[PDB]
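Shown below, as structure tokens, is a lone chain in the form deposited without its partner chain; questions about how it binds or moves come after it.
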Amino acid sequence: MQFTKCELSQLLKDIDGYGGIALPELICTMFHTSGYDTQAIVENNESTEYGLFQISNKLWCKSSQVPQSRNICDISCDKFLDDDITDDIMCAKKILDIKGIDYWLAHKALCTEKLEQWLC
């Protein structure tokens, strides 16, 4: 599923403030990693990040690439490529509670200040 920035801002209204993340920070990361496409994948040599929230199989979900993964979200990574971002949000909240905003922002400085362009 492909979303617009406004569609997605409405679906994610609830996660705003969760664990200290701001919705526009999220939308910034999403624009750059998926173009708001729930089927996006970003590959690294060892691991892969899936879907809108770019959730890694290194730790967070089960995938044949990384059979040793801790699978902290107790879910197949395939669920992060479907059209239902509900499970993705569940796992992103776990990420926020365990790792925090750094998961998305530590290496995406542009999405940590001057964020007016991400408002609907």
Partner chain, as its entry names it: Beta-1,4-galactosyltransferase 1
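Numbering follows the first chain given and starts at 1. Heads up, when I say rigid core I mean the largest set of C-alphas that superpose within 1.5 Å between the two forms.
Below, we turn to the form deposited with its partner chain bound, even though it does not appear here.
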Contact at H32, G35 and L105 by its partner chain in the deposited complex, all three, heavy atom at most 4.5 Å: yes
Report whether the minimum heavy atom distance between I72 and its partner chain in the deposited complex is within 4.5 Å. no
Find out whether any non-hydrogen atom of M90 is located within 4.5 angstroms of its partner chain in the deposited complex, and reply yes or no. no
Would you please decide whether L110 lies within 4.5 angstroms of its partner chain in the deposited complex, comparing each non-hydrogen atom pair? yes
Which residues in 40-63 have a heavy atom within 4.5 Å of its partner chain in the deposited complex? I41, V42, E43
After core superposition, I'd like to know whether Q39 moves between the shown form and the other one (criterion: C-alpha shift of 2 angstroms or more). no
Closer or farther: how do the Cα atoms of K108 and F80 compare in the deposited complex versus the shown form, where the change is at least 3 Å? farther
In the deposited complex, shift in Cα separation for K108 relative to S63, 3 Å or more: farther
